[PDB]
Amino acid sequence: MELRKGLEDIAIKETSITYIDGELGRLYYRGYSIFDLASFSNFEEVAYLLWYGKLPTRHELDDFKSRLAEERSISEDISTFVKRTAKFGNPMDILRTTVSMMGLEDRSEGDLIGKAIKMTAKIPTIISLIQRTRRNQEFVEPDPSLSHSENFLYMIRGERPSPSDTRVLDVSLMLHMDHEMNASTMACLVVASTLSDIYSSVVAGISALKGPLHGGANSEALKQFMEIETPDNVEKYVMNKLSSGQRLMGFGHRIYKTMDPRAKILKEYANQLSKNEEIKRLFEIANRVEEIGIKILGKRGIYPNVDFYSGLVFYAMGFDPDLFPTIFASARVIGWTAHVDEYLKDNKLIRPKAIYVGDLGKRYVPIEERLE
């Protein structure tokens, strides 16, 4: 029988959650254009749409925003664990462990969406505590009067952010909430398919998202912009990379044959950030890298993906680069839990096989008869 390794040409579910148009560079959440959501929506409204399948009324959104805000606090045992590990732990290992501890401590049955709301609310608190602890700063408690993105920036900086900063983060999070099928969604679904709990599913999603191949989930492009150091070095660096058969970071995608619509929106909204000398210089480098990259690689359907600008935007708003994968998980958890919820409406155990290519019927020999 045929080996289908990678599963690239196999669908494992029907979905109404996300639609990717790789041809035209379009992305839809439940039929709504990502462009319109970036323009007019906000984190809580899109989270509501992804989980409940419709845009909320004024009343539904006010109640929903309150629910999220009163779930933001974390248990003292989780908070102590983060404080203890923040300086030396891989932050994805910290986040993986704390979501595992959340599930251990929540024994209550069913309520998949209630549990997803709890993880979504608490992950920014955990990330903020890692960042603060790393800088020898005291924990800033969540403020239940602030909206999700506003509160996120408050917990990192210890001061209420400008509405323009809130908007850029709010948009960046909306852009990472779902992207249909990929290794991390597949890990959540394989675990859900056994009727394991939703915390187990998310822990598996975080385990997969951590890997460097996952796509989208890194700060390599930003590292590259820092290596280049000056705008005038862009050409020398990019040519010496490509000619040397090396890769331009933040370029390429398995689906978009064009500019990633998420990269396009991040580049536009990145203009609202006030930039010191360092950030101004890094954005000038990124824009030149973008131009020469598209000139050489665009022919072959190799274009900026979301991670070309995402790392630099998060860095610009005051996040350490090695937290970027955790910030990705804080958004994508909505997509993961939405996909599990949809799958479980008609559950099927995911139970593939393997092709055997070894030996059979070998004769067991005791250890005294094994030579050398």
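Residues carry their position along the shown sequence, with the first being 1.
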property: Of 223-231 and 206-214, the stretch whose C-alpha atoms average the higher B-factor in the entry; result: 223-231
property: Of 278-286 and 123-131, the one with larger mean CA B-factor; result: 278-286
property: Out of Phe81, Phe251, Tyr199, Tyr154, highest CA B-factor residue; result: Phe251
property: Criterion, highest CA B-factor; candidates, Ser149, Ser184, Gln272, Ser193; result: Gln272
property: Modelled-residue ranking by C-alpha temperature factor, third containing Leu371; result: highest
property: Where the record places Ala11 (Cα B-factor, split into thirds across the chain); result: middle
property: Ranked C-alpha temperature factor of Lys54 among modelled chain residues, by third; result: middle
property: Relative C-alpha B-factor of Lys118, binned into the chain's lowest, middle or highest third; result: middle
property: CA B-factor ranking of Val313, expressed as a third of its chain; result: lowest
